[PDB]
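Close look at the chain arrangement
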Amino acid sequence: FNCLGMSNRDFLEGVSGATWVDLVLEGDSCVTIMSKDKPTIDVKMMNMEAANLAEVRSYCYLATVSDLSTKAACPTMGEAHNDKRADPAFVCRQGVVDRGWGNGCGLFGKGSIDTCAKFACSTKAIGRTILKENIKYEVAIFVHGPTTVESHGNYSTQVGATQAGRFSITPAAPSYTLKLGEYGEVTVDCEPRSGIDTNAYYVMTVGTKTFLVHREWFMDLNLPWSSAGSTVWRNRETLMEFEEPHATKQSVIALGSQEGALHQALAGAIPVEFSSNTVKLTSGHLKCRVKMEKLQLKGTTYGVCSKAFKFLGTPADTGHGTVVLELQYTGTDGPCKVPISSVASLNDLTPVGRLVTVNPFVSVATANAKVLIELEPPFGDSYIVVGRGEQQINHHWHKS
Amino acid sequence: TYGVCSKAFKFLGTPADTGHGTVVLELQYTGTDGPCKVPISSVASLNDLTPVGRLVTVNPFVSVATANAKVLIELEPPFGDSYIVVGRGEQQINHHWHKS
Amino acid sequence: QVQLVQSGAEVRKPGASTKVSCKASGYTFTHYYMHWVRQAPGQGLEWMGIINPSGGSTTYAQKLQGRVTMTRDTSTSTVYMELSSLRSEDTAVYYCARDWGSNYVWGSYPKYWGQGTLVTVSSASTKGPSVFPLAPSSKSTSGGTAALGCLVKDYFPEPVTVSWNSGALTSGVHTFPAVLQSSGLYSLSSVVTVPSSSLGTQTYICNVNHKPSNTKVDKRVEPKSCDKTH
Amino acid sequence: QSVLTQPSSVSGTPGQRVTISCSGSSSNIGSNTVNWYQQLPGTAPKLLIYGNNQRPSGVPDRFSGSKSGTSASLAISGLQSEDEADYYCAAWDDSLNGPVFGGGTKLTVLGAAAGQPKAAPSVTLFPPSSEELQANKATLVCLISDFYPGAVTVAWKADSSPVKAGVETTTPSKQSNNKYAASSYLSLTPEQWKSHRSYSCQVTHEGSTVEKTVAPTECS
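Residues numbered from 1 in each chain as written, not as in the entry; some residues may be left out. Chains lettered and ligands numbered in written order. Part of a larger assembly, values for the part shown. Heavy atoms only, no water. Residues with missing side-chain atoms left out of burial classes, pairs and counts.

Looking at the entry header, you'll see cryo-EM listed as the method and 13.7 Å as the resolution.

Attention now moves to the overall build of chain B. Looking only at helices and strands, one finds 0 helices and 8 strands in chain B. Starting at the N terminus and ending at the C terminus, chain B contains elements arranged as β-β-β-β-β-β-β-β. On C-alpha atoms alone, chain B measures out to a radius of gyration of 13 Å, which is about the 13 Å that the 2.2 N^0.38 rule sets for 100 residues. If one aligns the C-alpha atoms of chain B with their principal axes, the spans along those axes are about 40 × 25 × 25 Å. (Helix = DSSP H or I, 4+ residues; strand = E, 2+ residues; numbered from the N terminus. Rg over C-alpha atoms; globule rule 2.2 N^0.38 Å.)

The next point concerns the overall build of chain A. A tally of helices and strands in chain A yields 3 helices and 27 strands. Computed over C-alpha atoms, the radius of gyration of chain A comes to 34 Å, more than 25% over the 21 Å expected from 2.2 N^0.38 for 400 residues, which places it beyond the range of a compact globule. Seen along its three principal axes, the alpha-carbon backbone of chain A occupies a region of about 115 × 45 × 35 Å. Buried positions account for 43% of the 400 residues belonging to chain A. Total accessible area on chain A stands at roughly 20,200 Å², and carbon and sulfur atoms take up 54% of it. Put simply, chain A has 37 plus and 40 minus side-chain charges, and the middle of one group is 3 Å from the middle of the other. (Buried < 20%, exposed > 50% of the residue type's maximum accessible area, 1.4 Å probe, protein only. Areas by Shrake-Rupley, 256 points an atom, 1.4 Å probe, with all protein chains shown as cover. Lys, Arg positive; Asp, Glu negative; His and termini not counted. Charge placed at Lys NZ, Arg CZ, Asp CG, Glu CD.)

The structure contains 5 pairs of chains in contact, of which chains C and D account for the largest number of contacts. The two units chain A and chain D never meet; even their closest C-alpha atoms stay 9 Å apart. (Contact = heavy atoms within 4.5 Å.)

Glancing now at the interface of chain D and chain C. Frequently, the measure chosen for interface size is the accessible area removed from exposure when the parts meet. Contact with chain D, which involves 39 residues of that partner, is made by 44 residues of chain C. When the area that chain D buries against chain C is broken down by residue, the three leading residues are D:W92, D:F101 and D:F126, summing to 17%. Applying the counting rule to chain D against chain C returns 0 salt bridges. Joining chain D to chain C, the criterion identifies 12 residue pairs in polar contact. (Buried area = accessible area lost by both parts, 1.4 Å probe. Salt bridge = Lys/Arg side-chain N within 4 Å of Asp/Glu carboxyl O. Polar contact = N/O pair within 3.5 Å; in protein donor to acceptor, adjacent residues only side chain to side chain.)

Attention now moves to the environment of C:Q43. Residues and elements named next belong to chain C. Inspection of the secondary structure puts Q43 in the loop between β4 (34-39) and β5 (45-51). Residue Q43 is classed as partly exposed on the basis of its relative accessible area, which comes to 48%. Sequence separation between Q43 and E82 is 39 residues, and the spatial gap between their C-alpha atoms is 21 Å.

Moving on: the sheet that holds strand β12 (residues 176-179) of chain A. Residue and element names in this part refer to chain A. Taken in spatial order, the 4 strands line up as β2-β19-β13-β12 in an open sheet, and their pairing is antiparallel. Sheet topology places β2 (22-26) and β12 at the edges, where each strand pairs with a single neighbour. Taken over all neighbouring pairs, the strand axes of this sheet differ in orientation by 30° on average, direction set aside. As paired strands, β12 and strand β13 (residues 185-188) are joined by 4 bridges and run antiparallel to one another. Counterpart to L178 in the pairing with β13 is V186. (Pairing = 2+ DSSP bridges. Axes fitted to C-alpha atoms, helices over the stretch in contact; angles between N-to-C directions.)

Attention shifts here to the interface of chain C and chain B. Between chain C and chain B, the residue contacts involve 4 residues of the former and 6 residues of the latter. Regarding the contact of chain C and chain B, the summed buried area is about 400 Å², with carbon and sulfur atoms giving 62% of it. Inspection of the chain C/chain B interface yields 0 salt bridges. Each residue belonging to the side of chain C that touches chain B can be placed in one class, and the counts come to 3 nonpolar, 1 polar and no charged. (Nonpolar A, V, L, I, M, F, W, Y, C, P; charged D, E, K, R; others polar.)

All names here are of chain A. Spatial ordering of the open sheet is given by β1-β3-β4-β10-β11, a layout of 5 strands whose pairing is mixed. Looking at which strands have only one partner, the edges of the open sheet turn out to be β1 (9-13) and β11 (164-169). Put simply, the sheet's adjacent strands are angled 20° from each other on average, direction ignored. Bridge analysis of strand β10 (residues 135-143) against β11 gives 6 bridges, and the strand direction is antiparallel. Bridge pairing in β11 places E138 opposite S168.

What follows covers the environment of A:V252. Inspection of the secondary structure assignment puts A:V252 in the loop between α2 (215-219) and α3 (260-263). Apart from residues lying up to four places away in sequence, A:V252 is in contact with A:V65, A:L68, A:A117 and A:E241.

Turning our attention to the state of the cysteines. Residue and element names in this part refer to chain A. This structure, assessed with the given rule, holds 12 disulfides over all chains. A disulfide bridge connects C92 with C116, and the sulfur atoms are separated by 2.0 Å. Judged by the torsion about the S-S bond (100°), the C92/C116 disulfide is right-handed. Of the two residues, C92 sits in strand β7 (residues 90-99) while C116 sits in strand β8 (residues 109-118), which places them 24 residues apart along the sequence. (Disulfide = S-S within 2.5 Å.)

Backbone torsion omega between C:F156 and C:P157 reads -5°, so that peptide bond is classified as cis. In this structure, A:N368 is a non-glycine residue whose phi angle is positive, near 50°. The exposure class assigned to A:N368 is exposed, which follows from its relative accessible area of 52%. The phi dihedral of C:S166 falls on the positive side, at around 60°, and the residue is not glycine. Structurally, the position occupied by C:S166 is in the loop between β14 (161-164) and β15 (173-175). C:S166 sits in the exposed class, given a relative accessible area of 68%.

Time to look at the packing of aromatic side chains. One pass over the structure, following the stated rule, counts 22 aromatic pairs over all chains. For the pair A:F1 and A:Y155, a centre-to-centre distance of 5.3 Å together with 70° between the ring planes defines the contact as edge-to-face. Taken together, the ring pairs in this structure connect C:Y95, C:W113, D:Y37 and D:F101 into an aromatic cluster. Just above the ring of C:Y33 sits the side chain of A:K136; from NZ or CZ to the centre is 5.4 Å. Across from the ring centre of C:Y32, 3.7 Å away, lies the NZ or CZ of C:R98, which sits over that ring. (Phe/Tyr/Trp six-rings, centres within 6.5 Å; stacked < 30°, edge-to-face > 60°. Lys NZ or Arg CZ within 6 Å of the ring centre and 35° of its normal.)

Take the pairing of strand β3 (residues 18-25) of chain C next. All names here are of chain C. Every second residue of β3 is oriented toward a common face, the buried set being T18, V20, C22 and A24 and the non-buried set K19, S21, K23 and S25. Relative to β3, strand β1 (residues 3-6) is paired through 4 bridges, and the arrangement is antiparallel. When the sheet's bridge partners are listed, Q3 is paired in β3 with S25. In the sheet, β3 pairs with strand β8 (residues 78-83) via 6 bridges, with the strands oriented antiparallel. Counted as the bridge partner of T18 is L83 from β8.

Counting residues in each nonpolar core, the largest one holds 42 residues, and the members touching the most others are C:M34, C:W36, C:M81 and D:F101. Every element with two or more residues in this core is listed here: β3, β4, β5, β7 (68-73), β8, β9 (92-99) and β11 (117-121) of chain C together with β7 (85-93) of chain D. With residues near it in sequence (within four places) discarded, C:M81 still touches C:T18, C:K19, C:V20, C:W36, C:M48, C:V68, C:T69, C:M70 and C:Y94. In this structure, A:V21, A:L23, A:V143 and A:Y183 belong to the second largest nonpolar core, which totals 26 residues. (Core = buried A, V, L, I, M, F, W, Y, C linked by side-chain atoms within 4.5 Å.)

What follows covers the pairing of strand β18 (residues 205-210) of chain C. Residues and elements named next belong to chain C. Burial analysis of β18 places 5 of its 6 residues in the buried class, which makes it a mostly covered element. Sheet topology places β14 next to β18; 4 bridges connect them, and they run antiparallel. Residue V162 lies in a different strand from β18, and its bridge partner there is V208. Strand direction decides the pairing type here: β18 and strand β19 (residues 215-220), joined by 6 bridges, are antiparallel. Opposite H210, over in β19, you have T215 as the bridge partner. Between β18 and β19, which pair antiparallel in sequence order, lie 4 residues; one of them, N214, sits at a positive phi of approximately 55°.

Once that is clear, we can look at the pattern of salt bridges. Any two side chains of opposite charge can pair, given that their charged atoms come close. A complete count under the given rule lists 16 salt bridges over all chains for this structure. A salt bridge links C:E46 to C:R38, with the shortest nitrogen-to-oxygen separation between them at 2.8 Å. Residue classification places C:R38 among the buried residues on the basis of a relative accessible area of 9%. Ionic pairing is found between D:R55 and D:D61, a salt bridge with its closest N-O pair at 3.8 Å. Of the residues examined, D:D61 reaches a relative accessible area of 57% and is grouped as exposed. A cluster of three or more residues bridged by salt bridges with shared partners is formed by C:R38, C:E46, C:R67 and C:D90.

The next subject is a nonpolar patch on the surface. Taken together, A:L239, A:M240, A:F242, A:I253 and A:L255 make up a surface patch of nonpolar side chains, about 460 Å² in accessible area. Assignment of secondary structure puts A:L255 in the loop between α2 and α3. (Patch = residues over 30% accessible without salt bridge, like charges linked within 9 Å, V, L, I, M, F, W, Y side chains within 5 Å.)

Right, dumping it as structure tokens:
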């Protein structure tokens, strides 16, 4: 519900003197937004749901190629009609066999033959459609207010601290004004519009791994199939039968099932998680405008923390050009601002590292409180520092 | 000489393709007020100011004053993605569409 | 899976109000409308209204407009229904039900239903039952049996429980569903079939509880005074 | 009074097909799709059919729905005992601008067509207790059990004359053994109880009556 730790994160500084920002959210991604003199926040799309699909086709990979039949007809006696031709109980196909006296027939030459094999389905590579008002979005907003390695990911704690929220967006009401206590409020106007990709693509289902395939590659493929009935057509894939046999037995070899035919065309179609009745669109996106002239700082009338500050471990690389770390405050005093900055060289006067966790501060007055901090240090070597003078501590860092 | 409909408007289903580069759809008016003009247009992107989709059913409007009346509408949207919209501001609803 | 857990059964006097809760889980809470539907005892389903947990907008049944209020708390995924100025006719099981997934109020319908909350409105004044023994037959025959019981008379609202001998006696017990009389009060009976030969040697006590009135009665059921055998 | 009209009761034998009608108007069924709910005894409704004829996953094909003009119908083939339940149709109503329901149909499943055997009710009748009489009240209690099918009518007599005043009778309810029970209560003054030779509870079931009688000075 917040950005820290995610690989699909994007940092933003709307505009210059902007109280709003235009943005784009998608499936498993998050966004951290910064704005002069205002808290940092994370807009993130949580879920995409239709709050009703329908099947269209069903290609099979098969079994039942067990029962056999071979209606024999002697030369000049015409064709052969197998009783197993009255019901789709079996699939029949005619042929002719060279014969005569040698095998019970009176004359010599080509005799009719019409055998049949049975057909039912096993593994149905089912597929369905996606009709374009039932689309609802779930956006979660976080506030980079005080936190600890611990509480940073706990949705509960955060809501409790009024530093988080999870609301939904609908074509009905595409906006919302999420209130965050003394932090004012943020009002998004996400516009349900999305690419996005037209319903034109079919919904391919294969065993467990669902995919999104092109109407045609799918529809225009070669495999047995069935719409919404127990009736199957084109079962001709019950092939490699015509050993061009004898009236006794026509080998009806079950055609080897090679999932390669499918698998091979994997990459083409995009993969998608699908539960019995749901298809989370990633695939999908959402253009929003994070208006936030109503987003406001807090604890700005407090004094600076003046007591020792200790690191609780080597800062970590977020993989985003920023690092995280957690402090501990020896301080006995209450809610004070945390004096942390990024300095290019020990005892420089002017900072150089911008803090993601802007305007940090010890939340409680209960000494030895923890403080989480994410900041982007300058490239190359630099120093993170907390406190000043002889209280001040530091830890070096080198970005690349 | 009537005023614009000012009450919620709900879609009654996914617009349909006429096969002519236009689509059809039917609205329902929560409105209790009488014969007012239906505020529907085709917008290229949410909250744009100028329309882009020409309405076949020009100058549409709720025929009766009997709330929850239905309105049929055929309009040609622009190629590619676009948005159909009815009403404005926080009353306004919308539904996306992509012509080819 | 979608799960909807409602608050427990309630009793109210006429004129009071009741607020029922429905805690949702197993789906994205703010993406689905929530309906409320009620059912008076032995009667049909009546739609009460619908709320959008995104934004909190509501539409109520016209017949309830003015005394029903639906609300939600998105942080606890809970929906509430409050009904005021209650009358006897509001006695019903109240269900919350998640919508199928419509993106519009038009064409919404309840799909996933909670377990229901019985709300009884009675007087109405609360009244604890009188409990009377139903004495066994005086007949004495080899291998014979007799029915004895307790009459739990004139209480409101439901429910009442009856056990025998602190739950130690269960064989042959038949506790009948209550009748709701035109007075608006309930009565029920519980009867046990036992050997006749041993009447007067065995102790039979019915333990009756009417929690809404905090009434608890334990009534001994003994052979008739006219019975010369037991 | 419900907006859609259904029969109050439908019955069939195991294995047969039954249908349940649902009649509406142009503003509901005529214009909009019909849903059906099944409510097993003591449980919440579950969605059985949506969009006239669609089944949610898990609902068997022997349930099927249809719509024709302003009416709809639910057909249940291969009727099973577990299908005994209340069924409700429903649709959106354009005029009321909300969902409407039918009044509900109670589907009962009879015994096997080739012979569930009839079972006569067992009747136990208690006179007023001494305790109640001392409180200046009197109630006769008629307990009715073990009957099938689950329908009786109860009549009370003072001596041999009908009494309707003061009678309260329950609906039938299913017992653990799958037969049915009911109870009936007659309220009288202690003076009325004294003023007759006897009172009787008469239970009629499938055209046969079982009667019990009590008298104020006997020792039954």
